[PDB]
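As structure tokens, the structure follows; a few thoughts come after it.
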Amino acid sequence: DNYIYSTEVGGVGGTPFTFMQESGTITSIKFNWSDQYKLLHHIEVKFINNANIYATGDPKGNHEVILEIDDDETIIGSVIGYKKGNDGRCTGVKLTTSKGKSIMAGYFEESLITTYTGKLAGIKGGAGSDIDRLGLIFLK
Amino acid sequence: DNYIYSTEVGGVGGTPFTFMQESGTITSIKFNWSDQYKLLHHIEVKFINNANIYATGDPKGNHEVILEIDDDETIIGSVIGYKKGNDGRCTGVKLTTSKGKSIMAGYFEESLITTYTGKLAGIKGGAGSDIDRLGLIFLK
Amino acid sequence: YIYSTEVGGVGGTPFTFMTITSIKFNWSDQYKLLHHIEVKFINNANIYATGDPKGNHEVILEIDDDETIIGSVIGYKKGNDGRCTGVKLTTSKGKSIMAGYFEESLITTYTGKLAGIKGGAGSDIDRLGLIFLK
Amino acid sequence: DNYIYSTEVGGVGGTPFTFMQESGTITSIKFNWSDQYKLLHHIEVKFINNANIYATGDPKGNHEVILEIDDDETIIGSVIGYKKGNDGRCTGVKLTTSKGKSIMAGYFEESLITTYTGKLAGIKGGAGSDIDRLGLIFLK
Amino acid sequence: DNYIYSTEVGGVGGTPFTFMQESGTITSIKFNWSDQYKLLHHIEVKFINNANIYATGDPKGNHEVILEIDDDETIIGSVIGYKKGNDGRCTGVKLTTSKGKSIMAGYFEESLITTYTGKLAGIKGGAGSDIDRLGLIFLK
Amino acid sequence: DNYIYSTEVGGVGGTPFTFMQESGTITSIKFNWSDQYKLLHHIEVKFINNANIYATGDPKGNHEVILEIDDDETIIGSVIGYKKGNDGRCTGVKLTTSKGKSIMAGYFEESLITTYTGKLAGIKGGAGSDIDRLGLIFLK
Amino acid sequence: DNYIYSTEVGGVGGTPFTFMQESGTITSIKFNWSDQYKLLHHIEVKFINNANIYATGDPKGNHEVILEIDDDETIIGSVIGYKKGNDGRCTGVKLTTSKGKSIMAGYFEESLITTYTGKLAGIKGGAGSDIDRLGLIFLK
Ligand SMILES: OC[C@H]1O[C@H](O)[C@@H](O)[C@@H](O)[C@@H]1O
Ligand SMILES: OC[C@H]1O[C@H](O)[C@@H](O)[C@@H](O)[C@@H]1O
Ligand SMILES: OC[C@H]1O[C@H](O)[C@@H](O)[C@@H](O)[C@@H]1O
Ligand SMILES: OC[C@H]1O[C@H](O)[C@@H](O)[C@@H](O)[C@@H]1O
Ligand SMILES: OC[C@H]1O[C@H](O)[C@@H](O)[C@@H](O)[C@@H]1O
Ligand SMILES: OC[C@H]1O[C@H](O)[C@@H](O)[C@@H](O)[C@@H]1O
Ligand SMILES: OC[C@H]1O[C@H](O)[C@@H](O)[C@@H](O)[C@@H]1O
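Protein chains in written order, with the deposited numbering: chain F, 5 to 144; chain C, 5 to 144; chain G, 7 to 24, 29 to 144; chain A, 5 to 144; chain B, 5 to 144; chain D, 5 to 144; chain E, 5 to 144.
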């Protein structure tokens, strides 16, 4: 692999997903969460040179945030909130970029992971009603 | 295209508008918003070498701000506040320039996007009584 | 010359003063408005004035021969019946002034070497535009 | 030796561990702590080019944090909070790194050590129910 | 003329003073003010290579500040608070230097000038009971 | 000498101590203090290339902090709290290193010394139940 | 002279003192003050290559602070608080060095001088019960 796989965090629940393109980096990512469940529920990704929107999980959240990533822009700082355990859930995401851009999504009330950094390339995990589990993917 | 199209955020309502000029960059942009609705209602854009004011939406807000951009000034930080959904609306905007100029219009109470950065070339979206949706447009 | 947007109303008497070595703003707490502006140019002892100096406050910014505006905010009320309400300026040498009120509308202007001002004034400063060198 | 052994702090209790790979550095670290006991309880570590999770302690706390360390990333700031004496215990860890990443696990109510700095290579200590005692280990 | 004369601010009152020495700079300047009147009352100046004190005004204030200037240190920040009009007065002075030294004397409740900057050469104005009027003078 | 002796501060009481090793710098130092007396009570030092722990004063405090010092790490900031007088006492110690590490032991309610700075080489003073007196020793 | 005499501030009272040594710089200075009188009472100075303490004033204060000055360390910021007048007194001293060291002694309620800066070489003034009057001395 020409990739780094960050630890998938959260539960074993929902349907597996893996978004990646052969010579392709993420150009846009969207987080949808609720104040009712304090969870992530829905994620969309767009890729470079590809108009196609790749979605997973049920967009039942009252908030969304999108981060748009320039062609030369990397993730230097990355934090996923989650609930640990087999019945676990991904609850939150902060990201910060080589250009001072940041996004903050959902809640960080239990467990965290400060992931690897670099050019964000894909995401992997499991999602149904909620984002059960999420790991980021980078280049080397 | 030599253009970067940021995600149009907000609703599908209102009349579509596209402001862009062959070989031209925005030299002035105005945002008009109300405390009453917590929405953007009206945008004006001037372009380099062109005394024409392209306007959209009903200018019924009690506040407006204008950002004038020098020929060599770029947007380095960009956040649009909006209400997601078909029945959506663009609620606020926050720009910061390569010269430390910044403006802030409206409210950021629901969803946000941190857009692409670069030399702002124009805008597109939909507007009637309100700015239903707004996407920014940069040079490569 | 770069001409920044004149912001405020259509009222009062047109003025055009045209490097600025000195600019003074006069405003009041009663009306929360700019009433009067005075300007001196380099190599000229003449004081150019507009608007009625009725206000209880004034500030002066003196500008060194090599000192530019890098930060510029004019506060105003919008519309035909508009007024200029305030001015913040910040220079390339870290100097800054703060005049009047910023309670409704703002413009962040073009930056550079301040060369003049245009607008209209009577009792008040109805409308103000900064002018810079290219 | 090609290594630096930071002082093991805390008590004499629990079962000995020593996790270190010759010619290998710690790529991931997880701290599991409780709000009930105000203690670290469990630690997992993964080395580079090795999916095997080397774990010690009982994972019975309500919180966990995970730091993923990039191949060229070093620890520039390191604080373990502990209770001193024979019946002593490890109670917290704050790690700050050469890229600005930071994790804060546990509580710092009694005693602190600001360790040696560099490339985190391994951990040594004793653990049962609780992390009784922890010492970081770096390269030279 | 090798000199910049900053605008004299304040009133027409008091006895004229003008303190300056050809090829001489201010090595020290003292401001005396009162909480009673909220006015500057007295000013003193020493010049480089000269023990003599050039004074103006009635030293009746409950406070004074002295700023000593090294031979190569200039003024980069200078603000005089004053009451405008013919019956006007000087109320305050903030000065900051090229070495990060600063003094603050009296009050700033009505009018300010942010003056010219550079090597402080002398002072000019009128003073009796109070400082009616003050303009600074710098080298080119 | 090739050493810098910081002022010993505190009282004349206790048993004199000197902890220095020819060709060796302190690689570790531990402060033990109490909330009961608001004094430093006990101090331990380890030296580069030496596993021997040098100790003085009675370890009766409820808090201890340890600072580990990389071989190339100096002290850039040093404050000792103490009571003045013959019957005086050393009450706390704050050290900041050339790598941004810092510690804070005991109390600063009475007198303080901002010491000399450099590579910390030893310590000296007197101790019994308390640290009566502490002086730091640096290389030139 | 190869010396800069900062203004002596405070009163005419007390016994004159002058601390200076020919090719010498202040290596240690102590300031004794009281919360009772809000005055400096006592001052001690040690010089480079000289174990002798030069003292002035009456040590009646409940507070003291000591600054040690490395041989290549200068004063870059200096403030003396004082009561002006014939019956004036020196009330306080703030010093900041070329290495980020700083000390605060006594009180700043009335008058201040921001002195000349450079390598502190002595002090001059008068003292009895109190420090009546204090002026610093630098090298050129
Ligand atoms: O995402 C939460 C939840 O979503 C659905 O309810 C199912 O897919 C579950 O298996 C899953 O755990
Ligand atoms: O701007 C909000 C709203 O304004 C008008 O009522 C119409 O143009 C709608 O389409 C639009 O959605
Ligand atoms: O300045 C406000 C107001 O003042 C004067 O009355 C006139 O010059 C008007 O034209 C103007 O609108
Ligand atoms: O880890 C805390 C505690 O847990 C277990 O009971 C044993 O390992 C003890 O030796 C240990 O002290
Ligand atoms: O300073 C206020 C007042 O002081 C003195 O009385 C005189 O010099 C007046 O001319 C002056 O106006
Ligand atoms: O250390 C504080 C105090 O403790 C012991 O009682 C003795 O050694 C005393 O001399 C000492 O002053
Ligand atoms: O120092 C304060 C005070 O102490 C003594 O009384 C004498 O030295 C006085 O002249 C002096 O003013």
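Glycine included, every Cβ here is placed at the ideal spot set by N, Cα and C.
Interface with chain A (9 Å Cβ-Cβ cutoff): F/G122 is included.
The residue among E/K128, E/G110 and E/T101 with its C-alpha nearest the C-alpha of D/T121 is E/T101. Straight-line spacing of the CA atoms in C/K123 and F/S106 works out to 20 Å. Under the criterion of beta carbons closer than 8 Å, D/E72 and A/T118 qualify as touching, at roughly 7 Å.
The beta-carbon distance between B/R93 and B/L143, rounded to whole angstroms, is 28 Å. This is too long to meet the 8 Å contact definition. Of B/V97, B/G130 and B/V83, the smallest CA-CA separation from B/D62 is found for B/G130. CA-CA distance, E/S10 to E/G126, rounds to 10 Å. In the displayed model, G/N56 falls within coil according to three-state DSSP, outside both helix and strand. With a threshold of 16 other beta carbon atoms within 10 Å, B/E26 falls short and is exposed.
The count of Cβ pairs closer than 8 Å, one atom from the region 27-46 of chain A and one from the region 11-19 of chain B, stays below three, leaving the stretches out of contact. Among the residues facing chain A, F/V13 is included, as its CB has a counterpart in that chain under 9 Å away.
Per DSSP, E/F112 lies in no beta strand (DSSP E) and is assigned neither H nor E. By the neighbour-count definition (other C-beta atoms within 10 Å, threshold 16), F/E113 is an exposed residue.
A Cβ closer than 6 Å to some heavy atom of ligand 7 marks a residue here, and those residues are E/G17, E/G18, E/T19, E/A131, E/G132, E/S133, E/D134 and E/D136. Any Cβ of chain B closer than 9 Å to the Cβ of E/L116 would place that residue at the interface, and such an atom is present. Counting other Cβ atoms within 10 Å of its Cβ, B/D91 stays below 16 and is therefore classed as exposed.
Those residues of the region 79-91 of chain D placed with their C-beta closer than 8 Å to a C-beta in chain E are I80, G81 and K88, ordered along the chain. Distances taken from the Cβ of D/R93 to the heavy atoms of ligand 6 include one shorter than 8 Å.
In terms of Cβ geometry, G/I52 and G/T29 form a close pair [threshold 9 Å]. In this structure, the straight-line span from the alpha carbon of F/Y7 to that of F/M24 is close to 10 Å. Interface residue (Cβ-Cβ distance to chain G less than 9 Å): B/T119 is classified as such. A Cβ of chain E is located within less than 9 Å of the beta carbon of D/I8. Using a Cβ-Cβ cut-off of 9 Å, E/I33 is close to nothing in chain D; its nearest Cβ partner there is about 11 Å away.
Taken atom to atom, the span from the alpha-carbon of D/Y111 to that of A/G96 is near 23 Å. Within chain B, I80 and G81 have C-beta atoms less than 8 Å from the C-beta of G/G104, given in sequence order. Ligand 6 has no heavy atom closer than 8 Å to the beta-carbon of D/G85.
In terms of beta-carbon proximity, E/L71 lines the interface with chain D, with at least one pair separated by less than 9 Å.
A/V69 and A/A109 have their C-alpha atoms spaced approximately 7 Å apart. Closest in C-alpha terms to G/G65, from the list B/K64, B/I79 and B/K88, comes B/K88. Sixteen is the threshold: since fewer than 16 other Cβ atoms of the shown chains lie within 10 Å of the Cβ of A/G132, the residue is exposed. Nearest to A/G81 by alpha-carbon distance, out of A/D74, A/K50 and A/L99, is A/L99.
Per DSSP, the continuous beta strand (DSSP E) segment holding G/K87 begins and ends at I79 to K87.
Of the candidates D/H67, D/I47, D/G104 and D/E48, D/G104 places its Cα closest to the Cα of D/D74. No residue range can be given for D/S27, since it is assigned to no beta strand (DSSP E) and is classified by DSSP as neither H nor E.
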